[PDB]
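**Q** My questions will all concern the structure given below.
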Amino acid sequence: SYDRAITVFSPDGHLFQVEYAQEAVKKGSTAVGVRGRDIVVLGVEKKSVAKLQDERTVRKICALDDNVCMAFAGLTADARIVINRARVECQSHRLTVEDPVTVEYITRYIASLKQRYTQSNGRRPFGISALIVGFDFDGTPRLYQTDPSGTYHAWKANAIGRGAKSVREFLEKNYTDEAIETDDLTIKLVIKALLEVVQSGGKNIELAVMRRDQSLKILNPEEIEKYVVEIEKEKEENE
Amino acid sequence: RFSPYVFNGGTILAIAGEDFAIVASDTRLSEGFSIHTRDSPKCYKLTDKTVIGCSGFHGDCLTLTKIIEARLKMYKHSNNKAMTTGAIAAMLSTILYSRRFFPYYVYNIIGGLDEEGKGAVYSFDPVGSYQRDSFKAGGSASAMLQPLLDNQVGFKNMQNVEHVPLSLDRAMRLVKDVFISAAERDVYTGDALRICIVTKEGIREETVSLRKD
Amino acid sequence: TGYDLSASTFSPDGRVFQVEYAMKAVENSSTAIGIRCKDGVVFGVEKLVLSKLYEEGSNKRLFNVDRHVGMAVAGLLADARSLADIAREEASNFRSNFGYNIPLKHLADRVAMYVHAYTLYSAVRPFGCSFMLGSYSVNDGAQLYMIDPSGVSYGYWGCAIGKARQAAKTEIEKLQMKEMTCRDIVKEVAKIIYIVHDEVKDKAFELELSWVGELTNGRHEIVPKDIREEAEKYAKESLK
Amino acid sequence: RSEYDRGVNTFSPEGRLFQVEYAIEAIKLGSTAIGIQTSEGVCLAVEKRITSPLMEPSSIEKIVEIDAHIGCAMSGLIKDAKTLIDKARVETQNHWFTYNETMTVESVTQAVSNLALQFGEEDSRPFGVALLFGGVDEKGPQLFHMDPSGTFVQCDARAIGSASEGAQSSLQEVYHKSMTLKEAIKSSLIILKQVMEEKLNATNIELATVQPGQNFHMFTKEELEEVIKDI
Amino acid sequence: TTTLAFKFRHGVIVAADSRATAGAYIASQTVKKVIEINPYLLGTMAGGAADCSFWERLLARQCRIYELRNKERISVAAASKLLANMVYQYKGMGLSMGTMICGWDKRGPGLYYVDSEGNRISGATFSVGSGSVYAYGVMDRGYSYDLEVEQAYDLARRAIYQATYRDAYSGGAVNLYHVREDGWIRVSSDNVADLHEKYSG
Amino acid sequence: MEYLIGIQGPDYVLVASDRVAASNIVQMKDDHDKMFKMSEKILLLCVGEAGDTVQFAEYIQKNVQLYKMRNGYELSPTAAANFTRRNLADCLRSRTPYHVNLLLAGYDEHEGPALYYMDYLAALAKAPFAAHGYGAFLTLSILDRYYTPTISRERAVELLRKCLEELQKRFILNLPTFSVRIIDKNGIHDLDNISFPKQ
Amino acid sequence: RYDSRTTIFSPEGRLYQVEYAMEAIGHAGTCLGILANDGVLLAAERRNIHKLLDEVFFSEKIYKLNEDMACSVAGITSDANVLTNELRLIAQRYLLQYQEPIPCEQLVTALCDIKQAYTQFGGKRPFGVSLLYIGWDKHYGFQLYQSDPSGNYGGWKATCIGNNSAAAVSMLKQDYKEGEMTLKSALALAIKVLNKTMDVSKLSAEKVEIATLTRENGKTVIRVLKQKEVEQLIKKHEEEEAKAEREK
Amino acid sequence: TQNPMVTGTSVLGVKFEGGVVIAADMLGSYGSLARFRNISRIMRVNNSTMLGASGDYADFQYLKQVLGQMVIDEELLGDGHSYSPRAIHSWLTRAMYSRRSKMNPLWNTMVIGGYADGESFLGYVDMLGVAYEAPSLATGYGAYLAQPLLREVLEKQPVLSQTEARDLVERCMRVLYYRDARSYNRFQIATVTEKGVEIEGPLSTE
Amino acid sequence: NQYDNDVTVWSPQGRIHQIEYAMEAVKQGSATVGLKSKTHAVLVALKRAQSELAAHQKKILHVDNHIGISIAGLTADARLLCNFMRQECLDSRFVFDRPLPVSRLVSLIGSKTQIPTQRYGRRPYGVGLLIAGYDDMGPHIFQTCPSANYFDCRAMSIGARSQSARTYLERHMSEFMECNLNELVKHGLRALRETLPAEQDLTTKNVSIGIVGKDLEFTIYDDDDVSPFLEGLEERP
């Protein structure tokens, strides 16, 4: 009877509404993010959009700033609002301080907005967990995960959404310094990690690749096709 | 159609001694040409080792004293520790600015003992500027007072001397005479003379006479 | 049950239950009787000293609303004190905006409207204290008004609020307040209060009197201790 | 209790507010944190409770620099802890600005409690986090403990978190007024290892010290191994 | 009041007079024109004395908070913009402001100038105050990018003196500060009289 | 005052301005840039009352960049022009007016190059060429008697050199260097500035 | 239960109120829109066809928002009216600030943001109005957008919402030739879909409303088909059905 | 209060052993005209304090209502505590200083004197807020004319008697009548002692 | 019953149960004794330590030079009331330059506490304050229970196990008036010591003494400072 109000503590000190909100993140398309020496990758699964609908308006990977991009899970309605507020915050931070918004700062602001929305009644928590990754450190790659609760964390490689447990288990046992020593191997690692969660053909994986002092490069289906062909060749070599 | 500031005269002088601090002024309250009252000390006791003297707009004078005394109570209550003279220097810098565009028409010099039992004199611009000093005077005779200390206390504009340390009796004899010369050379202060000495034991106050014309 | 949890919910038969509950709460307190002389108004409240450690005058229930208005709250003391503050505020505002002492009738009406405004909202509860207002002026005679939690307030020749309101009224109706003066009426008030006292259920009490009338130049002040004892002497003379 | 414990605005028959105690229980679900105050300084040892090797160890904050001379240890809700820590930093900076002096640990704890006190006083819920403030001030090294209720009291060696009871019981046995920083740190590490589910190493504990003269020093990876070597 | 600061291959050097005057009166000759806002960031003085100390203090507070919150020191460019915005909202309402925020960050040592009017410009040489024009007349003729530490120091001290000599509103003492990777260091504080004898011959 | 001069080419717009920032006695900086990058194919030149220009552009820029990212497509130069002006109209009557004269020029794929003249009263205008600041009366004529509806790139730069050369001849103070930028189908590029010995 | 208010999250993490609204959107009358290579169109069913009801507006379900946009409606009447008024206000505000038509998706996103704000802040019931958007912009040209009570929009080539939306959408998927539909073919397909999307046989012209978006000489004329052309299309579909049954 | 309309003459007061005495004219002179000539410029606040002021009588009249209610509330509580003459003075100083800060100050130069616990109090808070303690005080012109005289009597003998105080003001307001263009020959005298505060008048001169 | 949730609901018997529970909130805290002689008002409180090695909780707070309190109840409400009283005292000093009367401050505290007991939005102030002060009418020892009602008491005692202290104070009320500072403090210490169980004893680490007198400003004695008073106390029988 303690799960009907955000600001009500359960006898064991649980804010049950936030835990329920995380369940919303548990129901979204998987997002995998791994950062390399000179590359940050945001893996995503496409949901095989309807035969008669356009996929241009189903963008799940969006860039908050010119060099910071985020991939979210959970309900799209809240994710869009969070993304818009993050963009406005980045453009305001640039305005007040000319230095471009750091990935840490944008993640902190997203967490602050989520916490403010999960602090009092009459305001439902944001049911989207955002993986904010960017080279905004001016020579250092960073990746962050903003839980629907409001806490963020620095992750070398983390998974959100459906299958997050399996993708995280794969990433832990395969993400080594030898793995991400080059951009191509980092992209291959992202593809391999997302393959176990999303069993399907091409166009079911959208990869956002960002290099140092560059712009977001949403890889075309062919390039993902080339990388999957390479991974299949590697598997054939192993056998 | 209305001047919210009225000059009320007075001179404040603070001398920083090695183990004592000096604050004194003239109790002659006057506006324009008239004489409001001849007993209105500009020396104000705030704490055992912190004395504030405020000259200029007397109406702003008493309020700035009330606020500082009040702020002293709040700081003492919150942190269970009477604030040091250094902290009071920072506070007056803030409180003064809080009313910037309606300036606190009061020139305040603080004289107190620092942590190491050493003198502390702070000169305050009515708009917030502050800086530690070893000696300083203000009000109206500030022009007529500062040069003499430089010659005697600061050894300024003189040569082939030993910069001897300032002593209690010698400093007081200095301050007593210097203020007396201010009364004779300047007609804008007088009718009384209130001197407050703050040392390790505490503070003391003495008064002397001046002219009537 | 069901319709009596808020003051804004009319009962099915048409009665605001919270107001009646506040009336019961005031009924649960000690007696306070106001008797109107021919030339003044006398207040008397039995103030029970809950413990011997009190300072013989603590939490007194006789409050001076204004110079000429005396208030004899009985019930929840916190609500009575709040009502006294509101009454003083209204008197001050009336004097400032009109320049003359607020008539007891108008002050009582305004304070009653304030009290009633607290039995119309769900976010507030009715005052748990009933108070009587008394004053004297040659221009408008002596007036004694009693306002209960319900907000009703009409004048009284003599009223009692508290536990033994009925007992006080039984022996107050046997008093000729139409002609008597405010000198022997004080003794009568002391005797009537002493009659209405359990003395076996309530351990002890400290009678406190008050009056406002011609004998006090129209101002309301605590009855002088010299003559207050005389009232106490008369009450003791009365066996009960 | 089910009808009186649904708001900090309701009083239980005992008079207890059955929502602050739930905040304390919530603080009971965090990683253990230990702070020992000795004449030489104040030491803070905690449990990392790392959940995945992929997560950056520095991302999770248990000991933070509220100011150069006062360190804070978190145990409980991350959001409340972050908000309170930011408020403590802002209060310390404001005190430095207005009074040109370093605010005492008592003053900073009072400032943080003030925010921990507005748990429904009409300008939400109690801040479910307990902060151990450790630092050196004009009075010497000190350590202050705070609970979601806003009650703060000076503690010589307080343990807060999942293992509060056992850590405190062992600290009572292993604490004396004449301890030095080295022995205090060794004892704190020993206690944490005693009440730690996983074998103690350099990747699951962050140790912080604040001695007079020197500033808040958080032991680095190399430093932590040097101390764990003997314990 | 007049202050001078410039950058070079070796770093950024800031020096300033110490003469505060209220019209004709010489208010004081000990005021520190260079304000020690942060260990690795220095700020100059100009115009209103109270205006600088408070608003440099406010930037000093934000830099301290920013360092703790972000665990990385604020870029010298970041502070420059902050003051310009932090002082605008009072623009034209009775505020006088002038100062150069100097520091060495990950983007190389940088210098910026912020004024009550609302201007914030970069550069390698700067001089604000009454003696700015007089101070300029010297440092342009003697500005080279490769000035060494000792020879660069003399330029700052000489530059201020020629300014305080040609200027009737600046004087007292001259303070020199050097900002490096480790921060800033109090180089020297020589009075005008001492500088007169050295430069007289 | 600074100088904002623009020429609308057949398929490009060349906009140039000085690099001299001075505070009432002297050029404080010589490499100061006064033309702002609104987007990949639109530029902003804001002169006028000090302080206001540096920030109002940054605000206009943040909101022109903000639109480019929240949508994925950059604002059309005519839309940007209407917006930059729209903001000024709102604040002109407010209690914090922006006394800034600005020049806007950019390239739109659908329509082509454009150059809009912005007055401190926030009055928009599409003109083939325009000049800002005091010097406007000095070179606006130079464009008038020299401009052609099909100025080529090479002849376009020469004209500004003549425009800049004349400015160095009459203008009282010194403008040693000027900024020159070109907006075309492939983007905005930087060109060399100008200098002149006087020994 | 966990549907007392919108702000409440179910243990599985579902906004029960939002799902209830998106289910209730099915009570609304059928509306559909087919995107054609030369334009896009909308089709709606007039549920109220009483003889005593005077048709004064002719656009009960199809509203004009801008000079280059129009959006059909499906859901509560009051919510639909408020949403259409807000759409017009947003479009005209964008026109005033930027002086060019809203690129369709901007208006859709603004309305979706308003709906999301309603579904988030407590004390407000979700807008139970799902409305199809059509229009042309210089960036992408003809587009059809679907808006749900939850603020989740999406580009679509042909969709139907309201009664029997599932069958209409499925059989549009079955017989929609991508990139090969002209406005005449689009209208034919829309009439074919509406014929069996509603139980009423013969597809009475008075009971169906069709609006088409065309790009003529840079004007973007929005035309609501008059009863004459609707009857002509119905007769054409009847003759086509007879021809098809000829094979029998 | 930005342009006074009805003003007041000087207010005089000299403290003696056992109490304090104040006096003031009764001529409300709108501009140069004697608009009213039966107004009281000295009314009592409590049994042990009294005040009188110059300037806008309307502004002062507002002060009369404020103090009356502010003073009346003192005895309504019936706790025994009553605003000491310094207590009223301190309230006055912040009262006008707060009003002046908002560019609407009371153009009413007050003087408050009273007898409390065996010591006399004679304070003067100017129209702007300045306030000090003097053995003898005169408002407006009285500072120019009567105030210099009172120092001479106090300088040689700081102790005065009620009769010495009574004529001293009379020799003070008398010279006020001769050398003033706004005075009037009808003034009240306020005497405060242990027996209480008494107001009597008016009085004329030869 | 069901009339046990809000302060704005009246019970059938005529009681606001939430006020009763707020009053009960006092008994959860440590016992405190406040008493006044002719010239002094000394209040002795017992300090409880959460752990053996934690500083004992502050119980006697400082309000002004002439107004002291003892907090027996919620720390949150106790601190809020202390801050409000500090602000009221500072305002009285600033505007009147005179010590704000203890009676008037107590009345203001009662008025402020009454509102939370009459309007939904916040719980009643669950702290019992023993206000001790010196003013023109002599020492004052008030008690401000959460019910918004304050009682002017010669020697009150609130908090857990406070009945024994109240009984001792009732027994020895007579001697309180004509007693010096030392005797007043010793009687207060005896009253506190009566409250403690048999095992516990009045140690220097768990007793706080506050005194306000004719010429003595408020003083809070903790740790060794209490030793001069503690020594000489008769050993409990």
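Every chain in the structure tokens takes a letter, A first, then B, and so on in the order presented; its residues are numbered from 1, and the ligands are numbered from 1 following the presented order.
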Please return, as an MDAnalysis selection string, all residues of region 81-239 of chain G that DSSP assigns to helix (DSSP H, G or I) on the basis of the backbone.
**A** chainID G and resid 81:98 105:120 165:175 183:197 205:207 227:239
**Q** Hey, could you make a per-residue contact list for chain H against chain B with 7 Å as the cut-off, showing the nearest pair of atoms and its distance in Å to one decimal, counting only C-alpha atoms, sorted by chain and number, as JSON lines?
**A**
{"residue": "H:129", "atom": "CA", "partner": "B:59", "partner_atom": "CA", "distance": 5.6}
{"residue": "H:130", "atom": "CA", "partner": "B:59", "partner_atom": "CA", "distance": 4.6}
{"residue": "H:132", "atom": "CA", "partner": "B:40", "partner_atom": "CA", "distance": 6.8}
{"residue": "H:134", "atom": "CA", "partner": "B:37", "partner_atom": "CA", "distance": 6.6}
**Q** Could those selected residues go to a file with C-alpha atoms, as an mmCIF file, in the first residue's frame?
**A**
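Once written, selection07.cif looks like this:
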data_model
loop_
_atom_site.group_PDB
_atom_site.id
_atom_site.type_symbol
_atom_site.label_atom_id
_atom_site.label_comp_id
_atom_site.auth_asym_id
_atom_site.auth_seq_id
_atom_site.Cartn_x
_atom_site.Cartn_y
_atom_site.Cartn_z
ATOM 1 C CA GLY H 129 15.812 59.618 11.149
ATOM 2 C CA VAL H 130 18.794 61.223 12.898
ATOM 3 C CA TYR H 132 20.583 61.661 19.698
ATOM 4 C CA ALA H 134 20.693 65.847 24.752
#
**Q** Within 10 Å of residue 35 (chain H), counting only C-alpha atoms, which residues show up once you throw out same-chain ones fewer than 6 positions away? Write them as a list in words, please.
**A**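 Counting only the stated atoms, we get residues 6, 7, 27, 28 and 29 of chain H.
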**Q** Write out as a ChimeraX atom specification which residues come within 10 Å of residue 11 (chain H) when counting only C-alpha atoms, dropping same-chain ones fewer than 6 positions away.
**A** /H:22-25,41-42,51-54,109-111,137-143,146,169,173,187
**Q** Residues of chain D within 9 Å of chain I: nearest atom pair and distance (Å, one decimal) for each, counting only C-alpha atoms, sorted by chain and number, as a tab-separated table?
**A**
residue	atom	partner	partner_atom	distance
D:3	CA	I:5	CA	7.6
D:4	CA	I:5	CA	6.6
D:8	CA	I:123	CA	7.8
D:9	CA	I:123	CA	4.7
D:10	CA	I:5	CA	6.2
D:11	CA	I:21	CA	6.0
D:12	CA	I:21	CA	6.7
D:13	CA	I:21	CA	5.7
D:14	CA	I:24	CA	6.5
D:15	CA	I:25	CA	4.2
D:16	CA	I:25	CA	6.7
D:117	CA	I:76	CA	6.2
D:118	CA	I:76	CA	8.8
D:120	CA	I:122	CA	7.0
D:121	CA	I:122	CA	6.3
D:122	CA	I:122	CA	7.3
D:149	CA	I:76	CA	7.1
D:150	CA	I:76	CA	6.5
D:151	CA	I:75	CA	6.3
D:152	CA	I:57	CA	8.2
D:153	CA	I:57	CA	6.0
D:154	CA	I:55	CA	4.9
D:155	CA	I:54	CA	4.1
D:156	CA	I:53	CA	5.9
D:157	CA	I:53	CA	6.8
D:158	CA	I:54	CA	7.6
D:168	CA	I:51	CA	8.3
D:171	CA	I:53	CA	8.9
D:172	CA	I:53	CA	6.8
D:175	CA	I:53	CA	8.6
**Q** For a test of reading the model, state the distance in Å between CA of residue 70 (chain F) and CA of residue 110 (chain A), rounded to one decimal.
**A**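 Pair CA of residue 70 (chain F) / CA of residue 110 (chain A) returns 16.2 Å.
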**Q** So that I can see what lies close to region 89-97 of chain A, please list as an MDAnalysis selection string the residues with an atom at most 7 Å from it, counting only C-alpha atoms and leaving out residues fewer than 5 positions away in the same chain.
**A** (chainID A and resid 65 106) or (chainID E and resid 78 81:82 85) or (chainID F and resid 58:59 62 66)
**Q** Dump N, CA and C atoms for the selected residues as a PDB file, in the first residue's frame?
**A**
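Wrote again.pdb, looks like this:
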ATOM      1  N   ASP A  65      24.002  18.219 -28.365  1.00  0.00           N
ATOM      2  CA  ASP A  65      24.861  19.290 -28.843  1.00  0.00           C
ATOM      3  C   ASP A  65      25.602  18.804 -30.082  1.00  0.00           C
ATOM      4  N   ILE A 106      25.896  17.830 -19.161  1.00  0.00           N
ATOM      5  CA  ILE A 106      24.590  17.538 -19.742  1.00  0.00           C
ATOM      6  C   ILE A 106      23.943  16.364 -19.024  1.00  0.00           C
TER       7      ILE A 106
ATOM      8  N   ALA E  78      36.149  30.379 -19.629  1.00  0.00           N
ATOM      9  CA  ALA E  78      34.839  30.233 -19.007  1.00  0.00           C
ATOM     10  C   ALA E  78      34.549  31.378 -18.046  1.00  0.00           C
ATOM     11  N   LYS E  81      33.595  34.874 -19.831  1.00  0.00           N
ATOM     12  CA  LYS E  81      32.203  34.995 -20.247  1.00  0.00           C
ATOM     13  C   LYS E  81      31.287  35.169 -19.044  1.00  0.00           C
ATOM     14  N   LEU E  82      31.547  34.428 -17.967  1.00  0.00           N
ATOM     15  CA  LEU E  82      30.665  34.472 -16.808  1.00  0.00           C
ATOM     16  C   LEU E  82      30.553  35.888 -16.256  1.00  0.00           C
ATOM     17  N   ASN E  85      28.494  38.204 -18.589  1.00  0.00           N
ATOM     18  CA  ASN E  85      27.071  37.990 -18.355  1.00  0.00           C
ATOM     19  C   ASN E  85      26.689  38.342 -16.924  1.00  0.00           C
TER      20      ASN E  85
ATOM     21  N   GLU F  58      25.181  36.097 -29.736  1.00  0.00           N
ATOM     22  CA  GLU F  58      25.400  34.750 -29.164  1.00  0.00           C
ATOM     23  C   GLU F  58      24.022  34.135 -28.874  1.00  0.00           C
ATOM     24  N   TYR F  59      23.037  34.931 -28.437  1.00  0.00           N
ATOM     25  CA  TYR F  59      21.657  34.459 -28.136  1.00  0.00           C
ATOM     26  C   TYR F  59      20.990  34.071 -29.431  1.00  0.00           C
ATOM     27  N   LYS F  62      22.644  30.931 -30.549  1.00  0.00           N
ATOM     28  CA  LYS F  62      22.314  29.718 -29.783  1.00  0.00           C
ATOM     29  C   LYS F  62      20.951  29.263 -30.285  1.00  0.00           C
ATOM     30  N   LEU F  66      20.185  26.061 -32.104  1.00  0.00           N
ATOM     31  CA  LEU F  66      19.263  25.205 -31.331  1.00  0.00           C
ATOM     32  C   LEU F  66      18.270  24.680 -32.345  1.00  0.00           C
TER      33      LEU F  66
END
**Q** Using CA of residue 152 (chain A) and CA of residue 119 (chain D) as the two end points, give the distance in Å to one decimal.
**A**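 Rounded to one decimal, the two atoms are 24.3 Å apart.
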**Q** Would you pick out the contacts of residue 63 (chain A) at 10 Å or less, using only C-alpha atoms, so that residues sharing its chain but fewer than 5 positions from it are not included, and give the list as number ranges by chain?
**A** A: 68-71, 83, 86-87, 132-134, 208, 215-216; F: 69-70, 72
**Q** Atoms to include: C-alpha atoms. Write the selected residues as an mmCIF file, in the first residue's frame.
**A**
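Now in result_8.cif:
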data_model
loop_
_atom_site.group_PDB
_atom_site.id
_atom_site.type_symbol
_atom_site.label_atom_id
_atom_site.label_comp_id
_atom_site.auth_asym_id
_atom_site.auth_seq_id
_atom_site.Cartn_x
_atom_site.Cartn_y
_atom_site.Cartn_z
ATOM 1 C CA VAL A 68 27.184 14.984 -27.501
ATOM 2 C CA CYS A 69 24.660 12.310 -28.451
ATOM 3 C CA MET A 70 22.214 10.274 -26.386
ATOM 4 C CA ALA A 71 20.299 7.057 -26.986
ATOM 5 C CA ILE A 83 15.994 15.518 -25.261
ATOM 6 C CA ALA A 86 18.811 18.825 -22.792
ATOM 7 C CA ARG A 87 19.291 20.696 -26.073
ATOM 8 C CA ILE A 132 24.799 10.283 -22.990
ATOM 9 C CA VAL A 133 28.136 9.865 -24.772
ATOM 10 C CA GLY A 134 30.393 12.560 -26.159
ATOM 11 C CA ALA A 208 25.683 6.177 -34.013
ATOM 12 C CA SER A 215 30.050 15.111 -35.893
ATOM 13 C CA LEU A 216 27.602 12.266 -35.380
ATOM 14 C CA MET F 69 19.682 20.472 -33.924
ATOM 15 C CA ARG F 70 16.173 20.062 -32.504
ATOM 16 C CA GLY F 72 17.918 18.192 -38.063
#
**Q** Skipping near chain neighbours, those fewer than 6 positions away, what residues fall within 10 Å of region 107-115 of chain G using only C-alpha atoms, listed as a ChimeraX atom specification?
**A** /A:77-78,80-81,84 /G:65,69,71,83-84,86-91,94,125-129,131-134,145-154
**Q** Quick one: write out the picked residues with C-alpha atoms as a tab-separated table (two decimals), in the first residue's frame?
**A**
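The file below, selection_7.tsv, is the result:
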chain	number	residue	atom	x	y	z
A	77	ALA	CA	6.90	10.85	-25.11
A	78	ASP	CA	9.11	11.52	-22.10
A	80	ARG	CA	11.50	13.56	-26.54
A	81	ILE	CA	10.83	16.11	-23.79
A	84	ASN	CA	14.48	18.93	-25.99
G	65	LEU	CA	-4.70	24.64	-39.40
G	69	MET	CA	-1.62	22.10	-43.21
G	71	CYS	CA	-5.52	17.72	-39.56
G	83	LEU	CA	-6.32	20.73	-29.63
G	84	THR	CA	-7.28	22.26	-32.98
G	86	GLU	CA	-3.90	25.17	-29.95
G	87	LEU	CA	-2.66	23.84	-33.29
G	88	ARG	CA	-3.80	26.99	-35.07
G	89	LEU	CA	-2.23	29.16	-32.37
G	90	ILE	CA	1.08	27.30	-32.59
G	91	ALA	CA	1.17	27.46	-36.38
G	94	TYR	CA	5.60	30.07	-35.68
G	125	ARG	CA	-6.57	13.92	-17.70
G	126	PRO	CA	-4.85	12.79	-20.92
G	127	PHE	CA	-6.17	14.31	-24.13
G	128	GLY	CA	-8.25	11.49	-25.57
G	129	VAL	CA	-7.89	12.92	-29.07
G	131	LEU	CA	-5.71	13.33	-34.90
G	132	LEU	CA	-4.09	12.73	-38.28
G	133	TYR	CA	-1.94	15.49	-39.77
G	134	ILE	CA	-1.38	16.30	-43.44
G	145	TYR	CA	1.48	12.22	-39.26
G	146	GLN	CA	-0.41	10.32	-36.55
G	147	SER	CA	-0.89	11.74	-33.06
G	148	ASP	CA	-1.99	9.60	-30.12
G	149	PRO	CA	-3.28	10.62	-26.68
G	150	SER	CA	0.19	9.88	-25.29
G	151	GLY	CA	1.98	12.40	-27.51
G	152	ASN	CA	3.74	9.67	-29.52
G	153	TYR	CA	3.47	10.71	-33.17
G	154	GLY	CA	4.95	9.09	-36.24
**Q** If you measure from CA of residue 188 (chain I) to CA of residue 43 (chain I), what distance in Å do you get, rounded to one decimal?
**A**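 Answer for the CA of residue 188 (chain I) to CA of residue 43 (chain I) separation: 6.9 Å.
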**Q** With only C-alpha atoms counted and 9 Å as the cut-off, give the residues of chain I in contact with chain B, each with its shortest interatomic distance in Å and the pair that gives it, as a tab-separated table.
**A**
residue	atom	partner	partner_atom	distance
I:62	CA	B:77	CA	6.9
I:63	CA	B:77	CA	7.7
I:64	CA	B:73	CA	8.3
I:86	CA	B:74	CA	8.1
I:87	CA	B:74	CA	8.7
I:90	CA	B:70	CA	6.4
I:91	CA	B:70	CA	8.6
I:93	CA	B:70	CA	8.0
I:94	CA	B:66	CA	6.2
I:97	CA	B:66	CA	8.9
**Q** Write the residues of the selection above to a file with C-alpha atoms, as an mmCIF file, in the first residue's frame.
**A**
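Once everything was written out, this is part-v3.cif:
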data_model
loop_
_atom_site.group_PDB
_atom_site.id
_atom_site.type_symbol
_atom_site.label_atom_id
_atom_site.label_comp_id
_atom_site.auth_asym_id
_atom_site.auth_seq_id
_atom_site.Cartn_x
_atom_site.Cartn_y
_atom_site.Cartn_z
ATOM 1 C CA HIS I 62 20.544 29.966 23.195
ATOM 2 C CA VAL I 63 17.846 32.413 22.072
ATOM 3 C CA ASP I 64 18.960 35.825 23.357
ATOM 4 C CA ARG I 86 15.972 34.055 17.838
ATOM 5 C CA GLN I 87 14.565 36.079 14.949
ATOM 6 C CA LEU I 90 16.737 40.093 17.197
ATOM 7 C CA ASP I 91 13.821 42.050 15.724
ATOM 8 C CA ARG I 93 16.449 44.410 19.808
ATOM 9 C CA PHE I 94 16.735 46.112 16.409
ATOM 10 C CA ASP I 97 16.663 48.422 21.517
#
**Q** Which residue is closest to chain F? Choose from A:5, A:15, A:21, A:64 and count only C-alpha atoms.
**A**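 Among the listed residues, the smallest separation from chain F belongs to A:64.
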**Q** What residues in chain D lie within 7 Å of chain E, counting only C-alpha atoms, written as a ChimeraX atom specification?
**A** /D:65,89-90,93,97
**Q** For the residues in the current selection, export N, CA and C atoms as a compact mmCIF listing (two decimals), in the first residue's frame.
**A**
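Printed below is again-v8.txt as written:
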# COMPACT_ATOMS: atom_id res chain seq x y z
N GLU D 65 34.42 16.13 -1.81
CA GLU D 65 35.04 17.33 -1.26
C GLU D 65 33.97 18.41 -1.13
N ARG D 89 28.32 22.38 -0.29
CA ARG D 89 29.35 23.11 -1.01
C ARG D 89 28.96 24.57 -1.20
N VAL D 90 27.71 24.82 -1.58
CA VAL D 90 27.26 26.19 -1.80
C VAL D 90 27.29 26.97 -0.49
N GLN D 93 30.89 27.86 0.34
CA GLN D 93 31.36 28.95 -0.52
C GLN D 93 30.72 30.27 -0.12
N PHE D 97 32.64 33.58 1.10
CA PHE D 97 32.44 34.85 0.42
C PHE D 97 32.07 35.96 1.39
